[PDB]
Structures are given as C-alpha cells and as structure tokens.
2 protein chains.
Amino acid sequence: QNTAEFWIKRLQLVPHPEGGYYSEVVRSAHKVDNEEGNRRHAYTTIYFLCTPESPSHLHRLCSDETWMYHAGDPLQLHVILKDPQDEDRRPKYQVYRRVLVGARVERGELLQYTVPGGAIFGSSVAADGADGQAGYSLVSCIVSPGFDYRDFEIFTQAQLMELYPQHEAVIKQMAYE
Amino acid sequence: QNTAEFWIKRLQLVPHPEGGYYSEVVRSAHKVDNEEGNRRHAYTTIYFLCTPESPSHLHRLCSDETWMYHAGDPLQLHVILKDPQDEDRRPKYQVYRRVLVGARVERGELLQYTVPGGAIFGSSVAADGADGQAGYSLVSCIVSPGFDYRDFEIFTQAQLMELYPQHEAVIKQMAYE
C-alpha cells in the first residue's frame with residue numbers, strides 16, 4: 001500500500017548522484033584509519049530507496065558496505081568481487097554475484113548482506129513479476145570504515161569493457177554510457 | 001503470518017547473554033583502534049530477535065550500535081545516555097530515551113537508530129495492543145568499532161539502584177534481578 005512517494009516524502013530523501021534516492025542519517029563521532037591509511041569516521045549510514053526507473057550504476061568503495069532490508073520489493077545487488085572475499089568477512093574480478101536483499105528468506109533473499117570493499121557493484125529493482133510489485137525498494141546502508149566521496153569510484157561502460165569484458169552483460173546494463 | 005520460531009529456525013539464532021536471540025553474520029577483515037585504544041574489527045554485525053518473554057536486559061558497550069528494523073513488531077529501545085549524545089552522531093546518565101525501532105514511521109517509529117557508545121540500554125517488545133501483534137521483533141545490529149565481549153558489561157538492579165535511582169522504573173523493568 002505504501003508507495004515510492006510515501007517514503008521519499010517521509011524520510012526526506014533526495015536524488016543520489018549515482019542513481020536512486022537517499023538521505024544521510026548518522027556519522028560516527030570516533031575516527032579510524034581505513035584500508036588505505038586515510039582518516040575516516042568509524043562508520044556512516046544512509047537510507048537508500050531504489051526504483052525501476054532509477055537504479056544505481058556500477059561503482060567501487062575501498063571499505064565494506066552493508067545493506068539492510070526495510071520495505072518494498074527486494075533490492076537486487078549486482079556484485080563483481082575482487083577476490084572471493086566474502087569468506088574473510090590470482091586473477092581479479094572474475095566472480096559475479098546477484099544478491100536479493102529482502103525479507104523472503106525461503107526464496108534466497110537476504111535481510112542483510114555486505115559488499116566487500118573493492119567489489120565493483122550496483123543495485124536495482126525489477127519493474128514487474130514477483131520481485132516488482134510495489135514499485136520501489138527501501139533499505140539502510142552502512143559503510144565502515146566511513147564513506148568519503150573521494151573513495152567512491154564510478155565507471156563508464158568502455159572503461160570496464162577494456163579491463164573486464166567477461167562481465168559484458170552487467171557492464172552494459174548497470175554502467176554509465 | 002510469521003512468528004518468532006520461524007526466524008530463530010531460519011536464521012539459526014541462539015540465546016544472547018543480555019537476553020533475546022542472535023547470531024554473528026560478518027566481521028570486518030580490517031582492524032581499527034576503538035574509543036579506548038584497543039584493536040577491534042572496523043565493524044561487526046548480527047541478527048537480533050526480541051520477544052516479550054526474552055527482553056535484552058540493561059547492558060553497556062563502548063562503541064555505537066546501530067539497529068535496523070526487518071520484521072515483526074516495533075522494538076522498544078530503552079536508552080539511558082551517558083550524556084545527551086544523540087546529537088554528536090556534568091553529572092552522567094540523566095537522560096532516558098524511549099525509542100521504537102519500526103516501520104510505521106507515521107507513528108514515530110524509526111527504521112534505523114544508533115545507540116551511542118557509553119549508553120546503558122536494553123530492548124523489549126509489547127505483549128498486546130498496536131505494538132504487540134506479531135509476538136517478536138527481528139532486527140540487525142551493527143557495532144562499530146566492532147563488538148568484543150571484553151567491552152560487554154551487564155548490569156543488575158541492586159547495582160544500578162546504587163548509582164542511578166532517578167531511573168528506578170526502567171531499572172526494575174529492564175535490569176536483571
């Protein structure tokens with residue numbers, strides 16, 4: 001019954017540069033060194049809302065980002081792992097993963113899931129069928145060590161085709177022209 | 001209509017010292033210094049479920065803990081702050097804050113909320129009424145810098161009544177006897 005506009009209005013969400021809608025929530029008082037030796041907040045958190053007309057494009061942090069399901073359709077995460085590094089938490093970027101962040105755990109959906117730092121990843125929502133009925137997906141994201149735009153790397157199709165052409169299909173779907 | 005048994009089974013939750021049910025999910029590969037100098041994981045995450053028969057009793061951490069709503073009833077968080085420390089993210093422990101972590105934001109519930117490090121806090125779920133229909137509340141919790149039982153302090157009523165008698169009602173309701 002709740003709609004994309006219900007949430008955007010009630011959580012005061014705005015358009016995110018990469019795609020989707022968001023709003024910063026909290027940032028850690030305490031500071032830490034991150035994986036590159038830079039000073040960051042311990043963690044940062046946001047609300048993130050995705051819709052089928054506004055998916056997130058492919059990008060890459062240097063810290064882990066964790067996604068938590070709240071409401072709407074399941075969120076589809078398209079993940080290209082650097083190394084099979086799910087286990088810690090040699091050619092690179094070989095393994096693709098699709099994660100559905102949702103509440104139907106019987107169907108393989110995960111209430112929580114963590115994109116390891118150094119993955120190329122993006123997110124979207126189906127426009128129809130079983131996974132696309134409410135017209136949106138609402139979650140919280142937490143980056144730890146903290147998010148800093150300077151660590152947020154974004155890609156074009158051509159850019160990723162030259163390095164990682166084996167993943168041509170998600171590249172042409174989820175990366176900027 | 002799901003119920004506590006379902007989530008304990010499927011998420012393989014077990015009892016937590018504080019009360020309620022839980023399981024570890026992920027732990028950052030990257031280590032950081034916490035608020036007290038000690039080496040900890042950047043973050044650690046868990047699934048946490050609470051019932052009317054199994055509240056989380058008053059305990060204290062030394063890092064922030066962020067609570068994300070997934071399913072069931074709203075989770076009532078009982079937070080005694082060391083100082084009015086919500087804003088950042090001198091007699092101590094003066095401010096009691098009741099917070100509902102939930103999905104009816106139009107009733108003041110919050111899909112996400114962060115318990116500041118140093119807070120004496122616990123959780124519960126209502127038996128009946130609007131806040132008590134499903135019999136449980138499932139969330140995810142993220143502690144950052146990460147959780148370590150060396151930083152886990154649990155309280156009892158006769159102990160807390162000696163220090164903070166202004167909070168007798170929450171103490172006798174939420175602390176172990």
# chains A, B, ... in the order shown; residues from 1 in each chain; ligands from 1
$ interface_residues --of "chain A" --to "chain B" --cutoff "7 Å" --atoms "only C-alpha atoms" --output "MDAnalysis selection string"
chainID A and resid 26:30 32:33 35 42:43 68:70 88:89 111 144:145
$ select_by_dssp --residues "segment 100-165 of chain B" --states "helix (DSSP H, G or I)" --output "ChimeraX atom specification"
/B:105-107,149-151,157-163,165
$ write_last_selection --atoms "N, CA, C and O atoms" --output "mmCIF file, in the first residue's frame"
data_model
loop_
_atom_site.group_PDB
_atom_site.id
_atom_site.type_symbol
_atom_site.label_atom_id
_atom_site.label_comp_id
_atom_site.auth_asym_id
_atom_site.auth_seq_id
_atom_site.Cartn_x
_atom_site.Cartn_y
_atom_site.Cartn_z
ATOM 1 N N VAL B 105 6.610 4.677 10.479
ATOM 2 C CA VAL B 105 7.261 5.959 10.754
ATOM 3 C C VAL B 105 6.264 7.085 10.978
ATOM 4 O O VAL B 105 6.611 8.103 11.579
ATOM 5 N N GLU B 106 5.035 6.886 10.511
ATOM 6 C CA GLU B 106 3.959 7.833 10.728
ATOM 7 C C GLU B 106 3.421 7.785 12.158
ATOM 8 O O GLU B 106 2.636 8.638 12.546
ATOM 9 N N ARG B 107 3.856 6.782 12.926
ATOM 10 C CA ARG B 107 3.613 6.658 14.375
ATOM 11 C C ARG B 107 4.883 6.894 15.213
ATOM 12 O O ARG B 107 4.952 6.487 16.360
ATOM 13 N N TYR B 149 33.435 -9.088 23.547
ATOM 14 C CA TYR B 149 32.882 -9.309 24.889
ATOM 15 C C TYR B 149 33.747 -8.670 25.983
ATOM 16 O O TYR B 149 33.267 -8.445 27.092
ATOM 17 N N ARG B 150 35.002 -8.324 25.671
ATOM 18 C CA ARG B 150 35.800 -7.589 26.634
ATOM 19 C C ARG B 150 35.185 -6.220 26.921
ATOM 20 O O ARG B 150 35.405 -5.684 28.000
ATOM 21 N N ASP B 151 34.397 -5.688 25.974
ATOM 22 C CA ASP B 151 33.675 -4.416 26.120
ATOM 23 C C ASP B 151 32.182 -4.575 26.473
ATOM 24 O O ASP B 151 31.391 -3.630 26.321
ATOM 25 N N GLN B 157 19.886 -4.940 38.999
ATOM 26 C CA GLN B 157 19.124 -3.850 39.611
ATOM 27 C C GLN B 157 19.760 -3.231 40.867
ATOM 28 O O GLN B 157 19.811 -2.017 40.994
ATOM 29 N N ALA B 158 20.216 -4.066 41.799
ATOM 30 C CA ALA B 158 20.763 -3.591 43.082
ATOM 31 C C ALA B 158 22.055 -2.828 42.889
ATOM 32 O O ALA B 158 22.439 -2.011 43.733
ATOM 33 N N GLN B 159 22.746 -3.140 41.795
ATOM 34 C CA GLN B 159 23.933 -2.424 41.400
ATOM 35 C C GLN B 159 23.550 -1.036 40.871
ATOM 36 O O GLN B 159 24.099 -0.021 41.329
ATOM 37 N N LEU B 160 22.612 -0.989 39.922
ATOM 38 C CA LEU B 160 22.238 0.280 39.251
ATOM 39 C C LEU B 160 21.450 1.206 40.177
ATOM 40 O O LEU B 160 21.622 2.419 40.133
ATOM 41 N N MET B 161 20.589 0.642 41.019
ATOM 42 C CA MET B 161 19.881 1.442 42.023
ATOM 43 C C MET B 161 20.819 2.195 42.969
ATOM 44 O O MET B 161 20.457 3.249 43.491
ATOM 45 N N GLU B 162 22.015 1.659 43.194
ATOM 46 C CA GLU B 162 23.019 2.361 43.990
ATOM 47 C C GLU B 162 23.557 3.609 43.282
ATOM 48 O O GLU B 162 23.834 4.610 43.945
ATOM 49 N N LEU B 163 23.690 3.560 41.954
ATOM 50 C CA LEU B 163 24.231 4.693 41.194
ATOM 51 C C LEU B 163 23.177 5.639 40.577
ATOM 52 O O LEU B 163 23.346 6.858 40.651
ATOM 53 N N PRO B 165 19.328 6.074 40.888
ATOM 54 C CA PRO B 165 17.990 5.812 41.416
ATOM 55 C C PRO B 165 16.863 6.654 40.777
ATOM 56 O O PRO B 165 15.685 6.283 40.872
#
$ residues_around --residues "segment 175-177 of chain B" --least-positions-apart "3" --cutoff "7 Å" --atoms "only C-alpha atoms" --output "PDB file with N, CA, C and O atoms, in the first residue's frame"
ATOM      1  N   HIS B  57      18.400  -7.221  28.453  1.00  0.00           N
ATOM      2  CA  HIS B  57      18.482  -6.506  29.729  1.00  0.00           C
ATOM      3  C   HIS B  57      19.559  -5.452  29.679  1.00  0.00           C
ATOM      4  O   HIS B  57      20.440  -5.505  28.831  1.00  0.00           O
ATOM      5  N   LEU B  58      19.482  -4.498  30.596  1.00  0.00           N
ATOM      6  CA  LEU B  58      20.391  -3.356  30.604  1.00  0.00           C
ATOM      7  C   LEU B  58      21.875  -3.753  30.551  1.00  0.00           C
ATOM      8  O   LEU B  58      22.388  -4.464  31.417  1.00  0.00           O
ATOM      9  N   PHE B 155      24.459  -5.471  33.711  1.00  0.00           N
ATOM     10  CA  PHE B 155      24.135  -4.851  34.977  1.00  0.00           C
ATOM     11  C   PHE B 155      23.068  -5.673  35.700  1.00  0.00           C
ATOM     12  O   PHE B 155      22.456  -6.559  35.098  1.00  0.00           O
ATOM     13  N   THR B 156      22.908  -5.399  36.998  1.00  0.00           N
ATOM     14  CA  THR B 156      21.807  -5.906  37.836  1.00  0.00           C
ATOM     15  C   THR B 156      21.110  -4.733  38.532  1.00  0.00           C
ATOM     16  O   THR B 156      21.686  -3.646  38.653  1.00  0.00           O
ATOM     17  N   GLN B 157      19.886  -4.940  38.999  1.00  0.00           N
ATOM     18  CA  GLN B 157      19.124  -3.850  39.611  1.00  0.00           C
ATOM     19  C   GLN B 157      19.760  -3.231  40.867  1.00  0.00           C
ATOM     20  O   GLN B 157      19.811  -2.017  40.994  1.00  0.00           O
ATOM     21  N   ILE B 171      14.975   0.699  35.538  1.00  0.00           N
ATOM     22  CA  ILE B 171      15.918  -0.230  36.159  1.00  0.00           C
ATOM     23  C   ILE B 171      15.205  -1.528  36.574  1.00  0.00           C
ATOM     24  O   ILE B 171      15.623  -2.611  36.163  1.00  0.00           O
ATOM     25  N   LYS B 172      14.134  -1.411  37.353  1.00  0.00           N
ATOM     26  CA  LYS B 172      13.367  -2.581  37.786  1.00  0.00           C
ATOM     27  C   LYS B 172      12.646  -3.317  36.651  1.00  0.00           C
ATOM     28  O   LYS B 172      12.366  -4.493  36.771  1.00  0.00           O
TER      29      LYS B 172
END
$ residues_around --residues "residue 16 of chain B" --least-positions-apart "4" --cutoff "9 Å" --atoms "only C-alpha atoms" --output "compact mmCIF listing (two decimals) with N, CA and C atoms, in the first residue's frame"
# COMPACT_ATOMS: atom_id res chain seq x y z
N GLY B 20 17.08 -12.19 24.69
CA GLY B 20 16.76 -12.29 23.27
C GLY B 20 17.63 -13.28 22.52
N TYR B 21 17.53 -13.26 21.20
CA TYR B 21 18.19 -14.27 20.35
C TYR B 21 19.12 -13.61 19.33
N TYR B 22 20.15 -14.32 18.88
CA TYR B 22 21.11 -13.73 17.95
C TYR B 22 21.97 -14.70 17.14
N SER B 23 22.66 -14.15 16.14
CA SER B 23 23.79 -14.85 15.53
C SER B 23 24.73 -13.87 14.85
N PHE B 48 19.43 -9.76 15.48
CA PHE B 48 18.93 -9.79 16.85
C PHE B 48 17.41 -9.88 16.87
N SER B 56 16.09 -7.84 26.02
CA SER B 56 17.53 -7.62 26.21
C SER B 56 17.68 -6.75 27.44
$ select_by_dssp --residues "chain B" --states "strand (DSSP E)" --output "PyMOL selection string"
chain B and resi 14-15+21-27+31-33+39-41+44-50+56-60+64-72+75-81+95-101+112-115+120-124+137-144+153-154
$ atom_distance --atom1 "atom CA of residue 119 of chain B" --atom2 "atom CA of residue 79 of chain B"
6.5 Å
$ closest_residue --among "A:62, A:130, A:154, A:120" --to "residue 96 of chain A" --atoms "only C-alpha atoms"
A:120
$ residues_around --residues "residue 93 of chain B" --least-positions-apart "6" --cutoff "8 Å" --atoms "only C-alpha atoms" --output "PyMOL selection string"
chain B and resi 80-83+119+164
$ write_last_selection --atoms "N, CA and C atoms" --output "CSV table (one decimal), in the first residue's frame"
chain,number,residue,atom,x,y,z
B,80,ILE,N,19.5,4.8,28.3
B,80,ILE,CA,20.0,5.9,29.2
B,80,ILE,C,21.3,6.4,28.7
B,81,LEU,N,21.4,7.6,28.3
B,81,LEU,CA,22.6,8.2,27.7
B,81,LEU,C,23.6,8.6,28.7
B,82,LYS,N,24.8,8.4,28.5
B,82,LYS,CA,25.9,8.9,29.4
B,82,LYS,C,25.9,10.4,29.4
B,83,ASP,N,25.8,11.0,28.2
B,83,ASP,CA,25.4,12.4,28.1
B,83,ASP,C,24.4,12.5,26.9
B,119,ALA,N,26.2,4.3,26.5
B,119,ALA,CA,24.8,4.3,26.9
B,119,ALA,C,24.5,3.0,27.7
B,164,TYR,N,22.1,5.1,40.0
B,164,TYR,CA,21.1,5.9,39.2
B,164,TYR,C,19.7,5.7,39.7
$ atom_distance --atom1 "atom CA of residue 76 of chain A" --atom2 "atom CA of residue 100 of chain A"
4.7 Å
$ closest_residue --among "A:36, A:168, A:131, A:65" --to "residue 115 of chain A" --atoms "only C-alpha atoms"
A:65
$ decode --residues "segment 48-78 of chain A" --atoms "N, CA, C and O atoms" --output "short mmCIF file (atom, residue, chain, number, x, y, z; two decimals), in the first residue's frame"
data_model
loop_
_atom_site.label_atom_id
_atom_site.label_comp_id
_atom_site.auth_asym_id
_atom_site.auth_seq_id
_atom_site.Cartn_x
_atom_site.Cartn_y
_atom_site.Cartn_z
N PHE A 48 18.51 4.33 1.73
CA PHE A 48 18.59 4.25 0.28
C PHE A 48 17.27 3.68 -0.26
O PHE A 48 16.79 2.65 0.23
N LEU A 49 16.68 4.38 -1.23
CA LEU A 49 15.50 3.90 -1.93
C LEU A 49 15.78 3.79 -3.42
O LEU A 49 16.21 4.75 -4.07
N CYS A 50 15.52 2.61 -3.96
CA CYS A 50 15.69 2.34 -5.38
C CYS A 50 14.33 2.11 -6.03
O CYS A 50 13.39 1.64 -5.39
N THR A 51 14.22 2.49 -7.30
CA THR A 51 13.01 2.27 -8.10
C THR A 51 13.47 1.79 -9.48
O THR A 51 14.63 1.98 -9.84
N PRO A 52 12.55 1.18 -10.27
CA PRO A 52 12.99 0.61 -11.55
C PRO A 52 13.45 1.64 -12.59
O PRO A 52 14.22 1.29 -13.47
N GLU A 53 12.99 2.88 -12.47
CA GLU A 53 13.41 3.97 -13.37
C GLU A 53 14.71 4.63 -12.91
O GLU A 53 15.34 5.36 -13.67
N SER A 54 15.11 4.37 -11.67
CA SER A 54 16.29 4.99 -11.08
C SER A 54 17.12 3.97 -10.33
O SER A 54 17.12 3.95 -9.09
N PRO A 55 17.85 3.11 -11.07
CA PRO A 55 18.80 2.19 -10.46
C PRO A 55 20.15 2.86 -10.16
O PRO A 55 20.44 3.94 -10.67
N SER A 56 20.97 2.21 -9.33
CA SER A 56 22.32 2.67 -9.06
C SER A 56 23.30 2.08 -10.06
O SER A 56 23.26 0.89 -10.32
N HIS A 57 24.24 2.89 -10.54
CA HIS A 57 25.23 2.42 -11.51
C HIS A 57 26.42 1.74 -10.83
O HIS A 57 26.51 1.71 -9.60
N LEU A 58 27.32 1.17 -11.62
CA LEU A 58 28.45 0.41 -11.07
C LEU A 58 29.51 1.30 -10.45
O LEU A 58 29.93 2.27 -11.05
N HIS A 59 29.97 0.96 -9.25
CA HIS A 59 30.99 1.73 -8.57
C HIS A 59 31.79 0.85 -7.62
O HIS A 59 31.57 -0.37 -7.57
N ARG A 60 32.72 1.44 -6.88
CA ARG A 60 33.61 0.66 -6.03
C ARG A 60 34.12 1.50 -4.88
O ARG A 60 34.69 2.56 -5.09
N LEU A 61 33.90 1.02 -3.66
CA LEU A 61 34.42 1.64 -2.46
C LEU A 61 35.78 1.02 -2.16
O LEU A 61 36.26 0.19 -2.94
N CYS A 62 36.42 1.44 -1.06
CA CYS A 62 37.56 0.69 -0.51
C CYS A 62 37.27 0.13 0.88
O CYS A 62 38.15 -0.46 1.49
N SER A 63 36.04 0.30 1.37
CA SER A 63 35.57 -0.27 2.63
C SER A 63 34.35 -1.13 2.37
O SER A 63 33.68 -0.97 1.36
N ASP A 64 34.04 -2.01 3.31
CA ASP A 64 32.85 -2.83 3.19
C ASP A 64 31.61 -1.93 3.33
O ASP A 64 31.62 -0.99 4.12
N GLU A 65 30.57 -2.23 2.55
CA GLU A 65 29.25 -1.61 2.73
C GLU A 65 28.19 -2.67 3.04
O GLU A 65 28.07 -3.67 2.34
N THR A 66 27.41 -2.46 4.09
CA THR A 66 26.38 -3.42 4.47
C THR A 66 24.96 -2.91 4.17
O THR A 66 24.62 -1.78 4.51
N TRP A 67 24.14 -3.76 3.56
CA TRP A 67 22.76 -3.43 3.20
C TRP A 67 21.73 -4.16 4.06
O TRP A 67 21.83 -5.36 4.22
N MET A 68 20.73 -3.44 4.58
CA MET A 68 19.70 -3.99 5.46
C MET A 68 18.33 -3.73 4.87
O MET A 68 18.01 -2.58 4.61
N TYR A 69 17.49 -4.76 4.71
CA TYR A 69 16.14 -4.57 4.13
C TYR A 69 15.12 -3.98 5.11
O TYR A 69 15.08 -4.38 6.26
N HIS A 70 14.31 -3.03 4.63
CA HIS A 70 13.26 -2.36 5.43
C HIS A 70 11.87 -2.55 4.86
O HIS A 70 10.95 -2.96 5.57
N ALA A 71 11.68 -2.21 3.59
CA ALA A 71 10.35 -2.24 2.99
C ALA A 71 10.39 -2.25 1.46
O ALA A 71 11.38 -1.86 0.85
N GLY A 72 9.28 -2.69 0.87
CA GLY A 72 9.11 -2.72 -0.59
C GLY A 72 9.58 -4.01 -1.23
O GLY A 72 9.69 -5.04 -0.57
N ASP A 73 9.86 -3.95 -2.53
CA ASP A 73 10.39 -5.08 -3.27
C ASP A 73 11.79 -5.43 -2.78
O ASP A 73 12.43 -4.62 -2.10
N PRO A 74 12.28 -6.65 -3.10
CA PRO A 74 13.66 -6.93 -2.78
C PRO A 74 14.58 -6.12 -3.66
O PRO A 74 14.27 -5.89 -4.81
N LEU A 75 15.69 -5.68 -3.08
CA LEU A 75 16.70 -4.93 -3.78
C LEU A 75 17.68 -5.90 -4.42
O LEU A 75 18.17 -6.82 -3.74
N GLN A 76 17.96 -5.71 -5.70
CA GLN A 76 18.85 -6.59 -6.43
C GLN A 76 20.23 -5.94 -6.46
O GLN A 76 20.40 -4.82 -6.98
N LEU A 77 21.21 -6.62 -5.87
CA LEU A 77 22.59 -6.16 -5.84
C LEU A 77 23.41 -6.91 -6.88
O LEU A 77 23.45 -8.12 -6.88
N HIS A 78 24.08 -6.18 -7.76
CA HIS A 78 24.92 -6.83 -8.76
C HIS A 78 26.38 -6.62 -8.34
O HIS A 78 26.88 -5.48 -8.38
#
